[PDB]
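Okay, here's what each chain looks like letter by letter:
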Amino acid sequence: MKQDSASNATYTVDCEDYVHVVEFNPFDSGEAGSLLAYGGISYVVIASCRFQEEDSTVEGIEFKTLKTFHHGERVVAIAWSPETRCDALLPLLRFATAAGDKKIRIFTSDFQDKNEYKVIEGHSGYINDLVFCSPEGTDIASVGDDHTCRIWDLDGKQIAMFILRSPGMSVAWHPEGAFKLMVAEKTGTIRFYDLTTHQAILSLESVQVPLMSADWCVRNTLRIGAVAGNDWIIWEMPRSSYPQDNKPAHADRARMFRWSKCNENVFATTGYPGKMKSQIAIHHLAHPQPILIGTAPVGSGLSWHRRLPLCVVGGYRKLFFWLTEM
Amino acid sequence: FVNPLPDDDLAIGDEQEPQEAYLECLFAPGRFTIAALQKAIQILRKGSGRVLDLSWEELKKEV
Amino acid sequence: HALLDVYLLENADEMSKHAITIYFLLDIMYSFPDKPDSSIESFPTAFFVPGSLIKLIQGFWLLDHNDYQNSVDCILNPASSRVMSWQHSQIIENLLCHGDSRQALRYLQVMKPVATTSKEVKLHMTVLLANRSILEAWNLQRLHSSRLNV
Amino acid sequence: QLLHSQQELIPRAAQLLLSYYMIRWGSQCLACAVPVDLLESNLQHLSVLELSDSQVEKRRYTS
């Protein structure tokens, strides 16, 4: 937990379903404005959202649902490929999910009433994380509970498999990089994979365990953020095989670490979900204290706006938006 | 059957990270002694204070 | 030789043909049980069929012989690969026809069958309403009340 | 007669190998330095939930 500059959601969105997963569009949109998607237990809803931050005609927030799709077993993680289109006569959609079935499923859509599906095979132990590993995404890297990092194609074939020491909790794409991937282990091992040559380049070691959530800096490559134990840690390349900076993130078991998609010094963290009406802690660098605290009755999902310093956290049938600094 | 000393020098190819593998070799069970590890740290640091009496986490962190 | 020629057919799954052969071998065993142990029981390990599928085949045998209780026990046994939606539907419909509402409800609650079709929803709400789960039935009705299915 | 007995003895040796792999893996598994306070808190919670009964002679954590 963290409590500093606690406030209500700058924007609050009322939905017809509890929020299981929810997150923005990272980059590469066919048109202006942020698409966002939330999947619950049997439905996934994509909706375009406009803020008074961006648009003056849009007052507060104008959220308009593009689609609600009937899916099966509850979606537990969603993979965006930064190649989707919103312009012209055909909006491209190629998005993946991992559900309460341990399996991965790929969905392609065009708004023209064509949507077919590719279910991607699993492995030993549940899919812990999955991200498209191209700057537009065509291939997905997944980490699971077999200490294997398995790269798959759109067809469902093993692009690659890397043998890890412990089951990987998180896999991360480098939008600033090119086939630069991170794989995070519970023991505290961070591995950088050059998927262009399948040669592992650099490693990081965390002194706080277990390690489950991390991220690159969005506006910098030397800065690597993560949450371990109960504190948030930043490593500075190439001078660390140990925490460069480590400051408390959440007294309870902090779960998610995210970096601002327009800031190289502002990041967001979530508390341990639910329970104490979990708080989003928006931190600025060189501040153990969070520069912002927001309250969501359950901690479910954490996203950063494509170019706004806007952080969204889901909760019980609701979405909560907080704006932060550069 | 008595063990004279642990296995000697190893060569690791470039299909993996040598750092993690050598950490595993250094901390492998039944090999070396902890006092050997502190003495090695002290000598490679060109002389330093005693680094004995370390927990597992702090010992690996200091290494 | 007709069973053998099944292998010569287009194999969609070696596990399917293995399960067919294992079911036939179990039928042989129950036709005349002789001796308390057999190397024929070693066939699934010989052809490397998962114990999940083995317990499944046991459940299929029991359900065919209308030992619904034991079939449900074997199916609900954990570490079992999840069965397919069509046989979910047929199993639950047969159970309701036979009047095993409690057994069908136990099946649904443990296995958590999928439902994304109006027919699936109707079947699941039928089981729930026969078993007096009116609240969850209404809730899922409200959830999936599309403009087409409401 | 030999092969049929081999078919029967294969799964049993497989499960024996599974158990011995379990024990070898455990012997290879490292363990972290955990406070005895948390150790005894877990002991109390387990005793409350009725999976264990408290028994203490001498608990050590290696250095």
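Residues numbered from 1 in each chain as written, not as in the entry; some residues may be left out. Chains lettered and ligands numbered in written order. Part of a larger assembly, values for the part shown. Heavy atoms only, no water.

Looking up chain D in the PDB entry gives the name Nup160, with the organism given as Xenopus laevis. This entry appears in the Protein Data Bank under the title "Structure of Xenopus laevis NPC nuclear ring asymmetric unit".

The PDB entry annotates chain B as Nup160 of Xenopus laevis.

Let us look at the interface of chain A and chain B. The interface of chain A with chain B comprises 12 residues on the first partner and 11 residues on the second. Of the roughly 780 Å² buried between chain A and chain B, counting both surfaces, carbon and sulfur atoms make up 38%. Looking only at chain A, the three residues that lose the most surface to chain B are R165(A), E205(A) and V207(A), adding up to 52% of its buried area. Counting across the interface, chain A meets chain B through 2 salt bridges. Of the charged contacts in the structure, one is a salt bridge between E24(B) and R165(A), with a shortest N-O distance of 2.6 Å. Here chain A is connected to chain B by 5 residue pairs in polar contact. Broken down by secondary-structure element, the contributors of at least two residues to the side of chain A that touches chain B are β17 (189–194) and β18 (199–205) of chain A. Sorting elements by how many residues they give to the side of chain A that touches chain B places β18(A) first, with 6 residues. For the side of chain A that touches chain B, the per-class residue count stands at 5 nonpolar, 4 polar and 3 charged. (Contact = heavy atoms within 4.5 Å. Buried area = accessible area lost by both parts, 1.4 Å probe. Salt bridge = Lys/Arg side-chain N within 4 Å of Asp/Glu carboxyl O. Polar contact = N/O pair within 3.5 Å; in protein donor to acceptor, adjacent residues only side chain to side chain. Helix = DSSP H or I, 4+ residues; strand = E, 2+ residues; numbered from the N terminus. Nonpolar A, V, L, I, M, F, W, Y, C, P; charged D, E, K, R; others polar.)

All names here are of chain C. One can describe the packing of helix α2 (residues 14–31) onto helix α4 (residues 51–64) by two numbers: an axis separation of 10 Å at closest approach and a directional angle of 55°. Classified by the angle their axes make, α2 and α4 are oblique. Between α2 and α4 the crossing geometry is right-handed. Residues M15, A19, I22, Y23, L26 and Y30 of α2 pack against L53, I57, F60, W61 and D64 of α4. When its residues are assigned to classes, the contact of α2 with α4 shows 10 nonpolar, no polar and 1 charged. (Axes fitted to C-alpha atoms, helices over the stretch in contact; angles between N-to-C directions. Parallel < 35°, antiparallel > 145°, perpendicular 65-115°, else oblique. Left-handed = near helix turned anticlockwise from the far one by under 90°.)

Residues and elements named next belong to chain A. Read from one edge of the open sheet, 4 strands run β3-β4-β5-β6, paired in antiparallel fashion. The strands lining the two open edges of the sheet, one partner per strand, are β3 (21–24) and β6 (61–70). Each adjacent strand pair in this sheet contributes to an overall mean axis angle of 20°, direction not counted. (Pairing = 2+ DSSP bridges.)

All right, on to the nonpolar core then. Membership of the largest hydrophobic core comes to 17 residues, with the highest contact counts inside it found for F24(A), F51(A), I61(A), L319(A) and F321(A). When residues of this core are traced back to their parent elements, those giving at least two are β2 (11–14), β3, β4 (34–39), β5 (43–51), β28 (310–314) and β29 (318–323) of chain A. For this core, the element with the highest residue contribution is β5(A), accounting for 3 residues. When near neighbours in sequence (up to four residues on either side) are disregarded, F24(A) contacts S34(A), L35(A), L36(A), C49(A), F51(A), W80(A), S303(A), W304(A), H305(A), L310(A), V312(A) and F321(A). One finds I75(C), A104(C), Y107(C) and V127(C) within the second-largest nonpolar core, a separate group that totals 16 residues. (Core = buried A, V, L, I, M, F, W, Y, C linked by side-chain atoms within 4.5 Å. Buried < 20%, exposed > 50% of the residue type's maximum accessible area, 1.4 Å probe, protein only.)

Attention now moves to unusual backbone geometry. In this chain, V209(A) is followed by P210(A) through a cis amide linkage whose omega measures -5°. Mapped onto the fold, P210(A) is located in the loop between β18 and β19 (211–216). The phi dihedral of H198(A) falls on the positive side, at around 55°, and the residue is not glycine. Take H198(A): it is sitting in the loop between β17 and β18. Even without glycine at this site, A79(C) takes up a positive phi of about 60°. On the secondary structure map, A79(C) appears in the loop between α5 (68–76) and α6 (85–98).

The end-to-end C-alpha distance of helix α1 (residues 2–28) of chain D, which contains 27 residues, comes to 37 Å, matching closely the 39 Å that a straight helix rising 1.5 Å per residue would cover. A bend of about 30° at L9(D) is the largest found in α1(D), and the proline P11(D) appears one to four places after it. (Expected span 1.5 Å × (residues − 1). Bend = angle between axes of the 7 residues up to and from the residue.)

Another aspect to go through is a nonpolar patch on the surface. On the surface, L16(D), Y20(D), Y21(D), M22(D), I23(D) and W25(D) cluster together to form a nonpolar patch covering roughly 730 Å² of accessible area. Inspection of the secondary structure puts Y20(D) in helix α1. (Patch = residues over 30% accessible without salt bridge, like charges linked within 9 Å, V, L, I, M, F, W, Y side chains within 5 Å. Areas by Shrake-Rupley, 256 points an atom, 1.4 Å probe, with all protein chains shown as cover.)

A word on the packing of aromatic side chains. Throughout the structure, instances matching the rule amount to 19 aromatic pairs over all chains. Consider the rings of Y11(A) and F321(A), whose centres lie 6.1 Å apart with planes at 70°: the pair is edge-to-face. In this pair, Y11(A) sits in strand β2 while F321(A) sits in strand β29, placing the two residues 310 residues apart along the sequence. A relative accessible area of 6% places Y11(A) in the buried class. Measuring from ring centre to ring centre gives 4.6 Å for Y30(C) and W61(C), while their planes differ by 40°; the resulting arrangement is tilted. With a gap of 31 residues between them, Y30(C) in helix α2 and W61(C) in helix α4 connect regions that are remote in the sequence. By relative accessible area, which is 16% here, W61(C) ends up buried. Chaining the aromatic ring pairs together yields one cluster made of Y11(A), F24(A), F51(A) and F321(A). Taking NZ or CZ as reference, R59(D) lies 3.8 Å from the ring centre of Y61(D), over its face. (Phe/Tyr/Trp six-rings, centres within 6.5 Å; stacked < 30°, edge-to-face > 60°. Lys NZ or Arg CZ within 6 Å of the ring centre and 35° of its normal.)

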